[PDB]
Each structure stands twice: as structure tokens, then as C-alpha cells.
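> Based on what follows, work out the 3D shape:
(chains A and B)
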Number of protein chains: 2
Amino acid sequence: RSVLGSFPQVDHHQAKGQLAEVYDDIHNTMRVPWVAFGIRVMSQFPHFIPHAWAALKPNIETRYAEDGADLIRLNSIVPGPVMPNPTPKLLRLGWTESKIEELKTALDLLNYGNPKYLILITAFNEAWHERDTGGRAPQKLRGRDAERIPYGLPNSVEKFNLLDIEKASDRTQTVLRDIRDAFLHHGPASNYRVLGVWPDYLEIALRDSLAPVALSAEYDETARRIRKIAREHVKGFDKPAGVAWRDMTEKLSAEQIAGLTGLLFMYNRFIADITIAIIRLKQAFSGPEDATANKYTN
Amino acid sequence: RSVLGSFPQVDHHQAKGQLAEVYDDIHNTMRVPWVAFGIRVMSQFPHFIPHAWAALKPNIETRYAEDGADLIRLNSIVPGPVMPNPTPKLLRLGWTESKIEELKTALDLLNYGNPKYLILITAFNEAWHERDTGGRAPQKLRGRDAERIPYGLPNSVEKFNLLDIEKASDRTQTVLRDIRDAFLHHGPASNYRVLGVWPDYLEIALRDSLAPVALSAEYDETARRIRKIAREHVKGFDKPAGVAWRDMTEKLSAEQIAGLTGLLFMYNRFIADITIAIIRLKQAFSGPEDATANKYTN
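Residues are numbered from 1 along each chain as shown, chains lettered A, B, ... in the order given. Find the structure here:
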């Protein structure tokens, strides 16, 4: 038996018809090279993802929301131990400059997307429990807060290809398991199914950047802070940015509403954790300013 | 539209036959006068509650597991503002000392049980992800540790009846809904379906005790602290105290394995938040030492 199985989810290859249009819409609207592990997972359920998406789209494409994602990114740094650069270790292991740059680009794209997915999940979750995710403030978004960000991926950014966990080496399987378990999580992030093709780096990543802050006051407090930024930000939305489970009782079964309720709560924690995590990795290379910069939609 | 509606679950009365024996064996093994919300909700899935429960049973029934509960209970105090006593307040509403004493007994019972439930949900959540919940330790439980605590509810302890939410007043509904949303939770705890026969108090409770600490660093750190105690404790079990999703694949569809992964995580947080809440609630009547004692299994 594998150290690590594969979690229940509609894979990117599995998304058919109406659903595969949505995965694209997500890519393009959010200018992100992957669909979130949680979206993939929540998509097995009929109706929900497509409907919640349709009600989130108009709100997440704005410069307003992008400014929110920037607040998340900006404050996602952990008041933690100081970390050594991984660069010398990669060179001595014989990595090319060029290869390391490919890693840092990966990290950079990941750190662009995660915070937007923090906005995303906060919308979906809060709306599910009929709490404030839009159309409540007296003052609508005005001036350029309401402008739309560019559609599609940034020039020279392709969609990621996530590694197939079944086919992967023991080494890769294990480091991912380890990173999952260090944080008490359910699965490997899409983040790590991208970063996993470099198990040797992740092993160093885990020892130098993530294991020493995992489960700590400082780390969870930094999750609390960014979740709060996300939760306050979404009330600025012009119209509600998700569906409410009470409006879904013709669409989902009692069992299903249950499942989705837990799934949403879980992913609202997972995404925050992962956001912090990967920024911290790119902090080990460069520093807190470069690591939390918006490098894509300016 | 109703201000709050009932969350989907196998209500106490609805459990038939084999699941009904399970709800009981829970009641009695844990010496608690209510089956947790999270089990009720989670029971609607085939196989899992009965199965996870069979593995928890011999572990949670030991004196060792009772010490576990006591540690959580002891460490559940928030270092927040000092709260006024509500006793004068309830007297001014004409509550008799006798009625007041009825509320405190109920608070004691909720406070007896929430810590044990945190143990339950920790075992279930961890085992599911094949993380450590028993059997890994060098030598087995010995001495006082291995003994079975008493079976059955304590003397003069009657089973609670949850209040019907649908049927309940607007005021019961408002205050419960306010309590749910103040913590970003999914529904009201069994605890509040008990305490909500008394919405005048819950109202005081929220304004005095709960709302000034909801979502604060101190409240959230307290949760981390107690969740940690619980995660370390189940490691001392003689054998695993739950079931792994990988072993359940004949018994559960992908969709449900996903739904449960979520619910498990969500209740692990939920139960911990509530343990702290209801303790806080008693702490205002009678200080920290009282609020955290084991008054039932000594």
C-alpha cells in the first residue's frame, strides 16, 4: 500500500461539458494556472460549484477584490524563526540556475493564486451560512474599485500540470504525506502536486521553512489575521458572492448539504494555511517584500 | 422565511435498531446525557459512526482517556476580560434560585461532556487520516490507566431533550442564530438546543460572556491549546481509536468520503470552540476552578 492515496475529486481531465467551462472561467477570471484542490473536490456534488461560481464571478473580477487579495498576501508573513536561503543547498546538489528560477517562478505563481482563493473560499463559505458577502453596505463600489481585471493568464504563464500521485515515487509520495501531516491536513495541496516534482527541495523546504512553524501560535495567529482580512473584505462586494444552503434544498440531499458544509469550513482553513506556507517558502529565497508582492495584476 | 432552520441529521428519536444501540452505548460509555450533534449529522452516512465508534469504545472508556478529558477541561479557560455574575441579572427577571440552580446543573453537564467529545472527535479525525491515535506506543496502558470508568449515566442524571428549532419562538431562534454566527459556526450546538429553553439567559450569556471574546486571538489560542492536549493524549491509546478513510472504500462512495473528511475537520474545530464556550458560561457564575472540575467520574 502507498504511503499516500489519492483524494476524491473531479480531476482537471475529468471536468466535462458545462463543468469544464467553469474550470476555465475560474482560470481566466482569476488569472491563475490551476483550479483549486477544494473546487475540484466540491465539484462532485451536483449544482453547487457552478452556482456558487456564477454568484462569485462578478465580484471577484474587480480591482476591488484584487486589492483584497493583495491585503491577504501582504499580511500572510509569520512572525517566526529566521530562515536560511535554500539556494546554496540547491546549487551544491547540482541544480542549474535555470532550474532554480523555474522553482521560484512556480512559487511566484502559487503565491499569486492562493490569496485570491482565500477570497474565493471566504465568499463561498460565508454565503453558505447566509452571512455577509455582498450587497449590504449602503455605498456601492465606486470609481475604479469597480473596474474589471484582465481576462486570462498573464503573458507566458501556462496552466500547471499536477503530478499524478499513484505514479509518483516513494520519495515524492512521502514528502507530500509528511507536509500534509505536519499541518494536520487532509491532502496534498495542488500547490505541492506542482512543487512535488522536486521532492529534494520539498524535503529541505519542510525542514527549514515549514516544520518549525507548523501548528504554532504564531502560524495559526497569522491564519486568523488573513482569514479576518478576507472575511471583512468580502462585505465590500456589490452583490452576494455565493449561494446559501437553504436555497439549495431542491438541488442537494440532506447528506450532501452536510458534506458541503464541512468541506467549505475545512477549505476556508486549508487555503489560509497553504497561502501562508508557500509565501514562507519564497521568503526563504528572497524576503517578505518580494514574497508577498502582487507580481501579476497591477 | 424562518430566522434559523434545522440542520440535516439523524435526530435522537430517528435512530432505529443498530444505530440506536450505538447512540446508547455512546450515552452510557461516556456517561453523557446527549449524543453529540456531530455524530447525529455524521450518522446519516452509512457504516462510519458505527465503525469509528467500535474502535473508539475500549479506548475512551479507560481512566486514561478520562484524564485526557480532564486536562482539556482544565485548560479551556480564556485569558479574556473579567465577566460579571449573571445571578443578579436572572433574579431581576424573577428566576428563583432553584431555577437558576437548574441552569447551573445543565451547564455542569454540558461542561462534563464537551471535553470528552473533543477526545472523540480527535480520535475520529486523526484515525481517518491514518495519523497516530493508538498502538504505536512502546508499552500498553498499565495500572490505574487501564481500568474501565463506570458504565451508564451518573446518579440522577436524566437524558437531555433537544428543543425543536422549527417549533421554537423567534426569540429562541434569534439568540441561537446570533450565537452560531458570532463564532462563524454552522449551526447551534446541542448545548444551545439545551440552554435555549431559556433564551433570556442565553441573551445575557452572549452579551456578557461570548461576544466579547468571539474570534479573538485569546479565544482562538485557547482552542489551539486544548486541541493540542487532545491530539497528544490519544497517542497513548492501546490501539487505534477510529477508522481510516482508505479502509472504508468498499463502504463509502468517493462523494461521502469527501463529505466526511470535511465534517470531521469541521467538528474537530466546532467541538473545541463549544467546550470553551460553555465552560466560559459557567465560569461567570462561579469562577475557573468550578467551571473546569470533573464533577462526575472521580
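
> What residues sit buried inside the helix or strand containing residue A:120?
Applying DSSP states H and E as the criterion places residue A:120 in helix A:97-128. For helix A:97-128, the neighbour count (16 or more other Cβ atoms under 10 Å in any protein chain shown) marks A:100, A:103-104, A:106-128 as buried. C-beta: built from backbone N, CA, C; applies to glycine.

> So which bits of the stretch 151-298 of chain A are right by chain B?
Selection of the stretch 151-298 of chain A residues close to chain B by Cβ under 8 Å from any Cβ of the partner chain yields A:180-181, A:184, A:186, A:215, A:217, A:220-221, A:224, A:228, A:231, A:246, A:254-267, A:269.

> Any of the residues you listed buried? List them.
Counted by 16+ other Cβ under 10 Å, these give A:180-181, A:184, A:186, A:220-221, A:224, A:231, A:255-267, A:269 as buried.

> surely residue A:200 meets residue A:93?
Yes - using Cβ atoms under 8 Å, residue A:200 makes contact with residue A:93 at a distance of 6.4 Å.

> who's more crowded, the two?
Using other Cβ atoms under 10 Å in any protein chain shown, the more surrounded residue of residue A:200 and residue A:93 is residue A:200, with 14 against 11.

> check contacts around that one.
Contacts for residue A:200 were tallied using Cβ atoms under 8 Å, 6 or more residues apart in numbering or on different chains; they are residue A:93.

> May I ask which helix or strand encompasses it?
helix A:199-205.

> CA atoms only for that helix, dumped as PDB, please.
The C-alpha trace of helix A:199-205 is given here as PDB (Å, rounded to 0.1, in the frame of the first residue of the first chain):
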ATOM      1  CA  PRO A 199      10.900  16.100  -3.800                       C
ATOM      2  CA  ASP A 200      14.500  17.000  -2.900                       C
ATOM      3  CA  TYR A 201      13.600  20.700  -2.500                       C
ATOM      4  CA  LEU A 202      10.400  19.900  -0.600                       C
ATOM      5  CA  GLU A 203      12.400  17.900   2.000                       C
ATOM      6  CA  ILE A 204      14.600  21.000   2.600                       C
ATOM      7  CA  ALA A 205      11.500  23.200   2.500                       C
END
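
> helices or strands next to the next helix or strand after it in the packing?
Remark: after helix A:199-205, the chain's next helix or strand is helix A:217-233, criterion DSSP H and E. Helices and strands touching helix A:217-233, by 3 or more Cβ pairs under 8 Å, 6 or more residues apart in numbering or on different chains; DSSP states H and E, are helix A:63-75, helix A:97-128, helix A:254-285, helix B:217-233.

> list the contacts for the residue positioned nearest the centre of chain A?
Nearest to the mean C-alpha position of chain A, counting by Cα atoms, centre = their mean, stands residue A:114 at 3.3 Å. Neighbouring residues of residue A:114 by Cβ under 8 Å, 6+ apart: A:191, A:271, A:274, A:275, A:278, A:279.

> now residue A:44: how far from residue B:148?
Applying Cβ to Cβ, to the nearest Å, the value for residue A:44 to residue B:148 is 42 Å.

> out of those two, which sits in the busier spot?
Comparing residue A:44 with residue B:148 by other Cβ under 10 Å, the one with more neighbours is residue A:44, at 21 against 11.

> Now that that one has come up, it's in contact with residue A:14, right?
No - taking contacts as Cβ under 8 Å, residue A:44 lies outside contact range of residue A:14: 9.5 Å.

> In contact with the residue of the stretch 151-298 of chain A found nearest chain B, which residues?
When scored by Cβ to the nearest Cβ, the stretch 151-298 of chain A has residue A:259 as its residue closest to chain B, at 2.3 Å. By Cβ under 8 Å, 6+ apart, the contact set of residue A:259 is A:45, B:255, B:256, B:258, B:259, B:260, B:262, B:263.

> Tell me the one among these nearest to residue A:210.
Nearest to residue A:210 among these is residue B:262, at 23.4 Å by Cβ to Cβ.

> ok, the closest one - contacts?
A:259, A:260, A:261, A:262, A:263, A:264, A:265, A:266, A:267.

> Next, format those as a markdown table and append distance to residue A:174.
Output for these, formatted as a markdown table (distance: Cβ to Cβ, whole Å):
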| residue | distance to residue A:174 |
| --- | --- |
| A:259 | 29 |
| A:260 | 31 |
| A:261 | 32 |
| A:262 | 28 |
| A:263 | 26 |
| A:264 | 30 |
| A:265 | 29 |
| A:266 | 24 |
| A:267 | 24 |
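
> Taking these, tell me the two that lie furthest apart.
A:259 and A:267 (12.2 Å).

> Grab the CA positions of stretch A:228-241 and hand them over as CSV.
Provided in CSV are the C-alpha atoms of stretch A:228-241 (Å, rounded to 0.1, in the frame of the first residue of the first chain):
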residue,chain,number,x,y,z
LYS,A,228,-10.2,38.0,9.0
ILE,A,229,-8.9,40.3,6.3
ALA,A,230,-10.7,38.1,3.7
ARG,A,231,-13.9,38.0,5.7
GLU,A,232,-14.1,41.8,6.2
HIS,A,233,-13.1,42.4,2.6
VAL,A,234,-15.9,40.4,1.1
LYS,A,235,-18.6,42.6,2.7
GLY,A,236,-17.4,45.3,0.3
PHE,A,237,-18.9,43.2,-2.5
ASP,A,238,-21.7,44.8,-4.5
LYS,A,239,-23.9,41.6,-4.7
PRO,A,240,-23.7,38.4,-2.6
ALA,A,241,-20.9,36.2,-3.8
